[PDB]
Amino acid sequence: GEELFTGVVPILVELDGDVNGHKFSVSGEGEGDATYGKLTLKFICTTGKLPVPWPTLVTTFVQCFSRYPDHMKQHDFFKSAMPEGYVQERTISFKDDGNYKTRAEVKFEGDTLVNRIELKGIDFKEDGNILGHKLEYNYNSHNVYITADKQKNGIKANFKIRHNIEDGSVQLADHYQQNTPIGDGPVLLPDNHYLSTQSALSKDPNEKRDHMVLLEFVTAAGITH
């Protein structure tokens, strides 16, 4: 399972979204190298202008690329579910605003790791920080706190994303996450631990389409050795 991740793996991301009736699609391409916890992805909005801020979709757009230190490798659910993959569902609750609900399937298609996502956003304020595009194009580091869910043979996660608002305030986005294997083979059910995530957003100077370039580093931590 983890043997599938010893080198560079091509990644494809495909999202279909509806936020307050704004219909959009995004296509992403890049690669992951779990040895270094490293993701490089470029996303393009193929329907035109993205109707929400790019940073609000970063978490939705492959935790199998996390670097699990050797001493913690028995806690890596994500790779253990491969190649058949996992379903990842989230509720992302924007404080004093709407919510996203997402359902993704993360699995190999041949030697490529694919993240296919459906996103539904409801109850957003017309000129809140999301639909009013008041969020800065940047990102703060965070931890993803993981716990086992033995009855669904899976995991749960909970974490807080803090999106910087252009006036110096912060837009909280509470994340609740559940992952379950697609296949029936055994998976690793971890002790409590977290993923330390650092994300940097940029633009391709040669790209005229609405887009996001993401560099992310993710390292598992939190288990005593």
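Quick note: we count residues from 1 along the sequence shown, nothing fancier.
Counting the deposited residues that fall between residue 43 and residue 44 and carry no coordinates gives zero. Note on 143-151 vs 82-90: mean CA B-factor is higher in 143-151. Of the two stretches examined, 120-128 and 100-108, the record assigns the greater average C-alpha temperature factor to 120-128. Note on 27, 63, 59, 198: the highest value goes to 198, judged by CA B factor as recorded. When the modelled residues of the chain are ordered by their C-alpha B factor, residue 49 lands in the highest third. In the deposited entry, the Cα temperature factor of residue 115 places it in the lowest third of its chain's modelled residues. Among all modelled residues in its chain, residue 192 ranks in the highest third by Cα B-factor.
Annotation for residue 185: C-alpha temperature factor in the highest third relative to the rest of the modelled chain, per the entry.
The PDB entry assigns residue 207 a C-alpha temperature factor belonging to the highest third of its chain's modelled residues.
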